[PDB]
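As provided, work30.cif (mmCIF, N, CA and C atoms) reads as follows.
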```
data_upload
#
loop_
_atom_site.group_PDB
_atom_site.id
_atom_site.type_symbol
_atom_site.label_atom_id
_atom_site.label_comp_id
_atom_site.auth_asym_id
_atom_site.auth_seq_id
_atom_site.Cartn_x
_atom_site.Cartn_y
_atom_site.Cartn_z
ATOM 1 N N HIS A 1 41.045 0.316 -24.755
ATOM 2 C CA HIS A 1 42.398 0.060 -25.201
ATOM 3 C C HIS A 1 43.315 0.009 -23.990
ATOM 4 N N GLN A 2 44.509 -0.559 -24.171
ATOM 5 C CA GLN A 2 45.392 -0.780 -23.041
ATOM 6 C C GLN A 2 46.792 -0.234 -23.276
ATOM 7 N N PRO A 3 47.492 0.158 -22.208
ATOM 8 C CA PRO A 3 48.902 0.554 -22.333
ATOM 9 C C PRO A 3 49.866 -0.608 -22.133
ATOM 10 N N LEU A 4 51.103 -0.462 -22.598
ATOM 11 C CA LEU A 4 52.084 -1.535 -22.524
ATOM 12 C C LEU A 4 53.321 -1.092 -21.774
ATOM 13 N N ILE A 5 54.125 -2.073 -21.390
ATOM 14 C CA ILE A 5 55.443 -1.817 -20.833
ATOM 15 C C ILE A 5 56.402 -2.389 -21.873
ATOM 16 N N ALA A 6 57.702 -2.264 -21.646
ATOM 17 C CA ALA A 6 58.739 -2.626 -22.592
ATOM 18 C C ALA A 6 59.699 -3.598 -21.913
ATOM 19 N N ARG A 7 59.143 -4.748 -21.506
ATOM 20 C CA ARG A 7 59.854 -5.851 -20.854
ATOM 21 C C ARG A 7 61.192 -6.175 -21.513
ATOM 22 N N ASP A 8 62.130 -6.639 -20.697
ATOM 23 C CA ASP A 8 63.487 -6.906 -21.144
ATOM 24 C C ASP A 8 63.864 -8.335 -20.803
ATOM 25 N N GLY A 9 64.468 -9.030 -21.754
ATOM 26 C CA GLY A 9 65.106 -10.287 -21.460
ATOM 27 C C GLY A 9 64.265 -11.518 -21.732
ATOM 28 N N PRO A 10 64.368 -12.514 -20.842
ATOM 29 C CA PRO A 10 63.994 -13.906 -21.158
ATOM 30 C C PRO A 10 62.490 -14.145 -21.140
ATOM 31 N N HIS A 11 61.761 -13.375 -21.937
ATOM 32 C CA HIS A 11 60.317 -13.376 -21.888
ATOM 33 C C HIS A 11 59.762 -13.112 -23.279
ATOM 34 N N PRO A 12 58.512 -13.487 -23.562
ATOM 35 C CA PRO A 12 57.886 -13.072 -24.823
ATOM 36 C C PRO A 12 57.744 -11.561 -24.906
ATOM 37 N N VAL A 13 57.785 -11.048 -26.135
ATOM 38 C CA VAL A 13 57.643 -9.617 -26.350
ATOM 39 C C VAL A 13 56.187 -9.223 -26.181
ATOM 40 N N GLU A 14 55.935 -8.255 -25.305
ATOM 41 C CA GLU A 14 54.591 -7.750 -25.074
ATOM 42 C C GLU A 14 54.068 -7.046 -26.318
ATOM 43 N N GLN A 15 52.861 -7.413 -26.727
ATOM 44 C CA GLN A 15 52.268 -6.870 -27.930
ATOM 45 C C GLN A 15 50.979 -6.139 -27.583
ATOM 46 N N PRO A 16 50.628 -5.094 -28.323
ATOM 47 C CA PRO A 16 49.435 -4.325 -27.972
ATOM 48 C C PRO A 16 48.164 -5.085 -28.275
ATOM 49 N N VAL A 17 47.216 -4.971 -27.359
ATOM 50 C CA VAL A 17 45.939 -5.650 -27.482
ATOM 51 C C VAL A 17 44.828 -4.630 -27.313
ATOM 52 N N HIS A 18 43.709 -4.905 -27.974
ATOM 53 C CA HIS A 18 42.516 -4.092 -27.842
ATOM 54 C C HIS A 18 41.337 -5.029 -27.675
ATOM 55 N N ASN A 19 40.350 -4.586 -26.905
ATOM 56 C CA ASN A 19 39.250 -5.451 -26.508
ATOM 57 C C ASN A 19 37.923 -4.748 -26.729
ATOM 58 N N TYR A 20 37.090 -5.342 -27.575
ATOM 59 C CA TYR A 20 35.779 -4.816 -27.919
ATOM 60 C C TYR A 20 34.731 -5.715 -27.282
ATOM 61 N N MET A 21 33.786 -5.113 -26.564
ATOM 62 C CA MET A 21 32.756 -5.892 -25.898
ATOM 63 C C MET A 21 31.394 -5.284 -26.186
ATOM 64 N N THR A 22 30.374 -6.135 -26.153
ATOM 65 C CA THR A 22 29.029 -5.708 -26.523
ATOM 66 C C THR A 22 28.045 -6.140 -25.432
ATOM 67 N N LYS A 23 27.350 -5.161 -24.859
ATOM 68 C CA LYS A 23 26.443 -5.384 -23.742
ATOM 69 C C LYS A 23 25.105 -4.704 -23.993
ATOM 70 N N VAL A 24 24.032 -5.420 -23.667
ATOM 71 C CA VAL A 24 22.705 -5.190 -24.226
ATOM 72 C C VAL A 24 21.828 -4.527 -23.166
ATOM 73 N N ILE A 25 20.920 -3.653 -23.606
ATOM 74 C CA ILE A 25 20.101 -2.874 -22.692
ATOM 75 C C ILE A 25 18.923 -3.715 -22.209
ATOM 76 N N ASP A 26 18.181 -3.177 -21.240
ATOM 77 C CA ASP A 26 17.086 -3.891 -20.593
ATOM 78 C C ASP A 26 15.818 -3.049 -20.579
ATOM 79 N N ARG A 27 14.681 -3.701 -20.846
ATOM 80 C CA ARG A 27 13.369 -3.063 -20.838
ATOM 81 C C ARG A 27 12.553 -3.482 -19.628
ATOM 82 N N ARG A 28 12.090 -2.510 -18.857
ATOM 83 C CA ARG A 28 11.125 -2.778 -17.809
ATOM 84 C C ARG A 28 10.013 -1.743 -17.859
ATOM 85 N N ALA A 29 8.994 -1.948 -17.029
ATOM 86 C CA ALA A 29 7.795 -1.129 -17.068
ATOM 87 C C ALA A 29 7.223 -0.945 -15.673
ATOM 88 N N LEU A 30 6.599 0.207 -15.456
ATOM 89 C CA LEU A 30 5.975 0.533 -14.184
ATOM 90 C C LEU A 30 4.505 0.827 -14.437
ATOM 91 N N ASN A 31 3.735 0.966 -13.359
ATOM 92 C CA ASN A 31 2.289 1.128 -13.458
ATOM 93 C C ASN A 31 1.704 1.663 -12.159
ATOM 94 N N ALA A 32 0.556 2.328 -12.295
ATOM 95 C CA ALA A 32 -0.282 2.787 -11.192
ATOM 96 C C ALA A 32 -1.650 3.129 -11.760
ATOM 97 N N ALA A 33 -2.674 3.095 -10.909
ATOM 98 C CA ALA A 33 -4.051 3.208 -11.376
ATOM 99 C C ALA A 33 -4.914 3.871 -10.325
ATOM 100 N N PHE A 34 -5.515 5.005 -10.675
ATOM 101 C CA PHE A 34 -6.492 5.670 -9.824
ATOM 102 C C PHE A 34 -7.926 5.469 -10.313
ATOM 103 N N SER A 35 -8.557 4.375 -9.892
ATOM 104 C CA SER A 35 -9.956 4.122 -10.206
ATOM 105 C C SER A 35 -10.846 5.212 -9.632
ATOM 106 N N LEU A 36 -11.596 5.863 -10.512
ATOM 107 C CA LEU A 36 -12.364 7.034 -10.127
ATOM 108 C C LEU A 36 -13.801 6.646 -9.777
ATOM 109 N N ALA A 37 -14.360 7.347 -8.790
ATOM 110 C CA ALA A 37 -15.621 6.977 -8.161
ATOM 111 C C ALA A 37 -16.801 7.272 -9.076
ATOM 112 N N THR A 38 -17.699 6.292 -9.188
ATOM 113 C CA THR A 38 -18.709 6.179 -10.238
ATOM 114 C C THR A 38 -19.655 7.361 -10.358
ATOM 115 N N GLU A 39 -20.360 7.683 -9.276
ATOM 116 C CA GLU A 39 -21.345 8.753 -9.315
ATOM 117 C C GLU A 39 -20.667 10.110 -9.447
ATOM 118 N N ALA A 40 -19.434 10.206 -8.947
ATOM 119 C CA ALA A 40 -18.697 11.463 -9.004
ATOM 120 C C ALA A 40 -18.276 11.783 -10.433
ATOM 121 N N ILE A 41 -18.103 10.748 -11.256
ATOM 122 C CA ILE A 41 -17.857 10.934 -12.684
ATOM 123 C C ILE A 41 -19.043 11.630 -13.328
ATOM 124 N N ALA A 42 -20.250 11.168 -12.992
ATOM 125 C CA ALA A 42 -21.466 11.792 -13.493
ATOM 126 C C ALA A 42 -21.624 13.195 -12.932
ATOM 127 N N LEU A 43 -21.126 13.403 -11.719
ATOM 128 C CA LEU A 43 -21.221 14.707 -11.083
ATOM 129 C C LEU A 43 -20.266 15.711 -11.708
ATOM 130 N N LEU A 44 -19.171 15.232 -12.295
ATOM 131 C CA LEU A 44 -18.219 16.154 -12.905
ATOM 132 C C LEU A 44 -18.504 16.342 -14.390
ATOM 133 N N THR A 45 -19.037 15.311 -15.047
ATOM 134 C CA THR A 45 -19.145 15.332 -16.501
ATOM 135 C C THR A 45 -20.315 16.170 -16.989
ATOM 136 N N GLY A 46 -21.117 16.677 -16.073
ATOM 137 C CA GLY A 46 -22.362 17.301 -16.450
ATOM 138 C C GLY A 46 -23.496 16.309 -16.325
ATOM 139 N N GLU A 47 -24.698 16.810 -16.613
ATOM 140 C CA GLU A 47 -25.962 16.075 -16.601
ATOM 141 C C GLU A 47 -26.316 15.481 -15.239
ATOM 142 N N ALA A 48 -25.732 16.015 -14.161
ATOM 143 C CA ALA A 48 -26.346 15.918 -12.848
ATOM 144 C C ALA A 48 -26.111 17.270 -12.176
ATOM 145 N N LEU A 49 -26.991 18.219 -12.474
ATOM 146 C CA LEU A 49 -26.888 19.568 -11.944
ATOM 147 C C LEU A 49 -28.290 20.145 -11.905
ATOM 148 N N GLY B 1 -13.027 15.560 10.144
ATOM 149 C CA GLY B 1 -12.819 14.473 9.206
ATOM 150 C C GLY B 1 -14.109 13.771 8.858
ATOM 151 N N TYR B 2 -14.967 13.598 9.863
ATOM 152 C CA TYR B 2 -16.270 12.968 9.666
ATOM 153 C C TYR B 2 -17.155 13.820 8.769
ATOM 154 N N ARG B 3 -17.268 15.100 9.086
ATOM 155 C CA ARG B 3 -17.900 16.072 8.206
ATOM 156 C C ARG B 3 -16.836 16.510 7.206
ATOM 157 N N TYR B 4 -16.948 16.043 5.960
ATOM 158 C CA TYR B 4 -15.866 16.222 4.999
ATOM 159 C C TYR B 4 -15.725 17.656 4.533
ATOM 160 N N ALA B 5 -16.832 18.386 4.418
ATOM 161 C CA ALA B 5 -16.770 19.786 4.026
ATOM 162 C C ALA B 5 -16.112 20.656 5.084
ATOM 163 N N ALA B 6 -16.066 20.197 6.335
ATOM 164 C CA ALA B 6 -15.263 20.868 7.342
ATOM 165 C C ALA B 6 -13.773 20.716 7.085
ATOM 166 N N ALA B 7 -13.343 19.561 6.585
ATOM 167 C CA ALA B 7 -11.936 19.307 6.314
ATOM 168 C C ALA B 7 -11.453 19.925 5.012
ATOM 169 N N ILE B 8 -12.320 20.626 4.277
ATOM 170 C CA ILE B 8 -11.874 21.400 3.128
ATOM 171 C C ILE B 8 -10.978 22.551 3.560
ATOM 172 N N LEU B 9 -11.187 23.074 4.759
ATOM 173 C CA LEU B 9 -10.151 23.826 5.449
ATOM 174 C C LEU B 9 -9.484 22.881 6.439
ATOM 175 N N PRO B 10 -8.203 22.545 6.261
ATOM 176 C CA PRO B 10 -7.535 21.664 7.233
ATOM 177 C C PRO B 10 -7.185 22.345 8.543
ATOM 178 N N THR B 11 -6.992 23.676 8.534
ATOM 179 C CA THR B 11 -6.628 24.574 9.639
ATOM 180 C C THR B 11 -5.651 24.001 10.671
ATOM 181 N N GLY B 12 -4.593 23.370 10.198
ATOM 182 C CA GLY B 12 -3.629 22.746 11.079
ATOM 183 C C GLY B 12 -2.672 21.847 10.315
ATOM 184 N N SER B 13 -1.611 21.428 10.999
ATOM 185 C CA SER B 13 -0.512 20.714 10.367
ATOM 186 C C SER B 13 -0.750 19.213 10.371
ATOM 187 N N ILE B 14 -1.070 18.665 9.198
ATOM 188 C CA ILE B 14 -0.871 17.243 8.957
ATOM 189 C C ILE B 14 0.628 16.990 8.913
ATOM 190 N N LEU B 15 1.189 16.469 10.006
ATOM 191 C CA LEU B 15 2.611 16.682 10.268
ATOM 192 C C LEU B 15 3.417 15.417 10.555
ATOM 193 N N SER B 16 2.809 14.378 11.126
ATOM 194 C CA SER B 16 3.586 13.226 11.580
ATOM 195 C C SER B 16 4.041 12.344 10.423
ATOM 196 N N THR B 17 3.108 12.003 9.526
ATOM 197 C CA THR B 17 3.285 11.133 8.352
ATOM 198 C C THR B 17 3.837 9.759 8.748
ATOM 199 N N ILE B 18 3.077 9.090 9.610
ATOM 200 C CA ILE B 18 3.414 7.743 10.048
ATOM 201 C C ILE B 18 2.236 6.863 9.644
ATOM 202 N N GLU B 19 2.410 5.544 9.681
ATOM 203 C CA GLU B 19 1.435 4.584 9.166
ATOM 204 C C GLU B 19 0.209 4.590 10.072
ATOM 205 N N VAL B 20 -0.821 5.317 9.636
ATOM 206 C CA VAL B 20 -2.057 5.443 10.395
ATOM 207 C C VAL B 20 -2.791 4.104 10.408
ATOM 208 N N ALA B 21 -3.444 3.820 11.547
ATOM 209 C CA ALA B 21 -4.353 2.702 11.824
ATOM 210 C C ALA B 21 -3.637 1.359 11.932
ATOM 211 N N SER B 22 -2.347 1.319 11.618
ATOM 212 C CA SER B 22 -1.498 0.250 12.111
ATOM 213 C C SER B 22 -1.053 0.542 13.528
ATOM 214 N N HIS B 23 -1.250 1.783 13.965
ATOM 215 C CA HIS B 23 -1.183 2.144 15.366
ATOM 216 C C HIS B 23 -2.479 1.733 16.058
ATOM 217 N N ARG B 24 -2.669 2.256 17.272
ATOM 218 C CA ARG B 24 -3.568 1.723 18.297
ATOM 219 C C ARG B 24 -5.040 1.618 17.897
ATOM 220 N N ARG B 25 -5.441 2.148 16.736
ATOM 221 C CA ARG B 25 -6.823 2.264 16.288
ATOM 222 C C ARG B 25 -7.708 2.894 17.346
ATOM 223 N N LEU B 26 -7.204 3.919 18.024
ATOM 224 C CA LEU B 26 -7.854 4.525 19.174
ATOM 225 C C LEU B 26 -8.935 5.498 18.737
ATOM 226 N N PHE B 27 -9.079 5.652 17.431
ATOM 227 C CA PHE B 27 -9.954 6.660 16.871
ATOM 228 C C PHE B 27 -11.402 6.227 17.028
ATOM 229 N N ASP B 28 -12.264 7.180 17.375
ATOM 230 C CA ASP B 28 -13.687 6.876 17.423
ATOM 231 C C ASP B 28 -14.263 6.674 16.032
ATOM 232 N N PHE B 29 -13.695 7.323 15.025
ATOM 233 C CA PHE B 29 -14.104 7.082 13.656
ATOM 234 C C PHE B 29 -12.939 7.376 12.736
ATOM 235 N N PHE B 30 -12.703 6.457 11.807
ATOM 236 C CA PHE B 30 -11.617 6.573 10.846
ATOM 237 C C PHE B 30 -11.985 5.703 9.660
ATOM 238 N N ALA B 31 -11.611 6.139 8.467
ATOM 239 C CA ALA B 31 -11.958 5.404 7.263
ATOM 240 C C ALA B 31 -10.729 5.288 6.383
ATOM 241 N N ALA B 32 -10.274 4.062 6.162
ATOM 242 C CA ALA B 32 -9.102 3.793 5.339
ATOM 243 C C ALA B 32 -9.578 3.697 3.900
ATOM 244 N N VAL B 33 -9.436 4.782 3.162
ATOM 245 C CA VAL B 33 -10.072 4.902 1.871
ATOM 246 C C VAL B 33 -9.002 4.884 0.790
ATOM 247 N N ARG B 34 -9.327 4.227 -0.322
ATOM 248 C CA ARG B 34 -8.579 4.301 -1.572
ATOM 249 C C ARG B 34 -8.886 5.618 -2.284
ATOM 250 N N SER B 35 -8.639 5.671 -3.597
ATOM 251 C CA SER B 35 -8.702 6.927 -4.348
ATOM 252 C C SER B 35 -10.072 7.599 -4.270
ATOM 253 N N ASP B 36 -11.151 6.820 -4.231
ATOM 254 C CA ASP B 36 -12.473 7.428 -4.139
ATOM 255 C C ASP B 36 -13.448 6.475 -3.466
ATOM 256 N N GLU B 37 -14.539 7.048 -2.964
ATOM 257 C CA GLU B 37 -15.684 6.335 -2.416
ATOM 258 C C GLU B 37 -16.902 7.243 -2.489
ATOM 259 N N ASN B 38 -18.059 6.645 -2.785
ATOM 260 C CA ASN B 38 -19.274 7.394 -3.088
ATOM 261 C C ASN B 38 -19.783 8.198 -1.904
ATOM 262 N N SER B 39 -19.438 7.799 -0.680
ATOM 263 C CA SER B 39 -19.957 8.488 0.493
ATOM 264 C C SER B 39 -19.286 9.840 0.699
ATOM 265 N N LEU B 40 -18.199 10.096 -0.029
ATOM 266 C CA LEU B 40 -17.513 11.382 0.014
ATOM 267 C C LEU B 40 -18.340 12.519 -0.540
ATOM 268 N N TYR B 41 -19.354 12.226 -1.340
ATOM 269 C CA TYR B 41 -20.041 13.248 -2.104
ATOM 270 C C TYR B 41 -21.469 13.459 -1.638
#
```
What does this structure look like when you write it as structure tokens?
Amino acid sequence: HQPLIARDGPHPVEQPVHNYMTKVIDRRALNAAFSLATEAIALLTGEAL
Amino acid sequence: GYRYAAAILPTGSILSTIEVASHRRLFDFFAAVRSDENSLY
């Protein structure tokens, strides 16, 4: 919303104005990947001990 | 570093944190490794 002044004389009368605006959000995405070492998976999961 | 079980105790300050091996490659042995490699085990 806006404030007004009270102009005098040879001019149009200032009238109150209000301004509504609509602005839209944005979607993005990030990523990372730790590929785990093959035999070490078997070494941690059991059945190589 | 070559013997990996020795580096399980680091016993010193990994301290510089600069881009390794883009420097002089003066190392007698160095391995630029991703998240894992089978020779580690």
Open item on the list: Could you list, as JSON, numbers by chain, every residue matched by the PyMOL selection byres ((chain B) within 7 of (chain A)) in this structure?
Closed with: {"B": [35, 36, 37, 38]}
Open item on the list: Which of chain A end up as alpha helix (DSSP H) when DSSP is run on this backbone - answer as number ranges by chain?
Closed with: A: 38-44
TODO: Mind checking which residues fall within 10 Å of residue 4 in chain B, counting only C-alpha atoms, ignoring those fewer than 5 positions away in the same chain, and posting them as a VMD selection string?
DONE: chain B and resid 9 39 to 41
- [ ] Apply the PyMOL selection byres ((chain A and resi 3) around 8) to the structure shown and report the selected residues as a ChimeraX atom specification.
- [x] /A:1-2,4-5,15-17
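Taking atom C of residue 3 in chain B and atom C of residue 28 in chain B as endpoints, the distance between them is 13.5 Å.
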TODO: Find the distance between CA of residue 6 in chain B and CA of residue 33 in chain B and write it in Å to one decimal.
DONE: 17.7 Å
To test the calculation: enclose all listed atoms of range 28-32 of chain B in a box whose edges run along x, y and z, add 5 Å on each side, then state centre and edge lengths in Å to one decimal, as JSON.
```
{"center_x": -11.7, "center_y": 5.5, "center_z": 10.7, "size_x": 15.2, "size_y": 13.7, "size_z": 23.5}
```
- [ ] May I ask for the distance between atom C of residue 14 in chain B and atom C of residue 1 in chain B, given in Å to one decimal place?
- [x]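 Spanning atom C of residue 14 in chain B to atom C of residue 1 in chain B is a straight-line distance of 15.1 Å.
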Rebuild range 3-14 of chain A to N, CA, C and O atoms - output it as a short mmCIF file (atom, residue, chain, number, x, y, z; two decimals), keeping the file's coordinate frame, please.
```
data_model
loop_
_atom_site.label_atom_id
_atom_site.label_comp_id
_atom_site.auth_asym_id
_atom_site.auth_seq_id
_atom_site.Cartn_x
_atom_site.Cartn_y
_atom_site.Cartn_z
N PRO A 3 47.49 0.16 -22.21
CA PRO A 3 48.90 0.55 -22.33
C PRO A 3 49.87 -0.61 -22.13
O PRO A 3 49.50 -1.63 -21.55
N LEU A 4 51.10 -0.46 -22.60
CA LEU A 4 52.08 -1.54 -22.52
C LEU A 4 53.32 -1.09 -21.77
O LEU A 4 53.55 0.10 -21.56
N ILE A 5 54.12 -2.07 -21.39
CA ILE A 5 55.44 -1.82 -20.83
C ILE A 5 56.40 -2.39 -21.87
O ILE A 5 55.96 -2.93 -22.89
N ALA A 6 57.70 -2.26 -21.65
CA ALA A 6 58.74 -2.63 -22.59
C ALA A 6 59.70 -3.60 -21.91
O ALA A 6 60.85 -3.26 -21.65
N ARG A 7 59.14 -4.75 -21.51
CA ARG A 7 59.85 -5.85 -20.85
C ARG A 7 61.19 -6.18 -21.51
O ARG A 7 61.37 -6.03 -22.72
N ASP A 8 62.13 -6.64 -20.70
CA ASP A 8 63.49 -6.91 -21.14
C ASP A 8 63.86 -8.34 -20.80
O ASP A 8 63.59 -8.80 -19.69
N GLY A 9 64.47 -9.03 -21.75
CA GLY A 9 65.11 -10.29 -21.46
C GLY A 9 64.26 -11.52 -21.73
O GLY A 9 63.50 -11.58 -22.70
N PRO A 10 64.37 -12.51 -20.84
CA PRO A 10 63.99 -13.91 -21.16
C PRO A 10 62.49 -14.14 -21.14
O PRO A 10 61.98 -15.01 -20.42
N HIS A 11 61.76 -13.38 -21.94
CA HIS A 11 60.32 -13.38 -21.89
C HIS A 11 59.76 -13.11 -23.28
O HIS A 11 60.49 -12.60 -24.14
N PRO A 12 58.51 -13.49 -23.56
CA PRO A 12 57.89 -13.07 -24.82
C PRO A 12 57.74 -11.56 -24.91
O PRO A 12 57.61 -10.87 -23.89
N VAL A 13 57.78 -11.05 -26.14
CA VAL A 13 57.64 -9.62 -26.35
C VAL A 13 56.19 -9.22 -26.18
O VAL A 13 55.30 -9.79 -26.83
N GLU A 14 55.94 -8.26 -25.30
CA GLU A 14 54.59 -7.75 -25.07
C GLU A 14 54.07 -7.05 -26.32
O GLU A 14 54.75 -6.20 -26.90
#
```
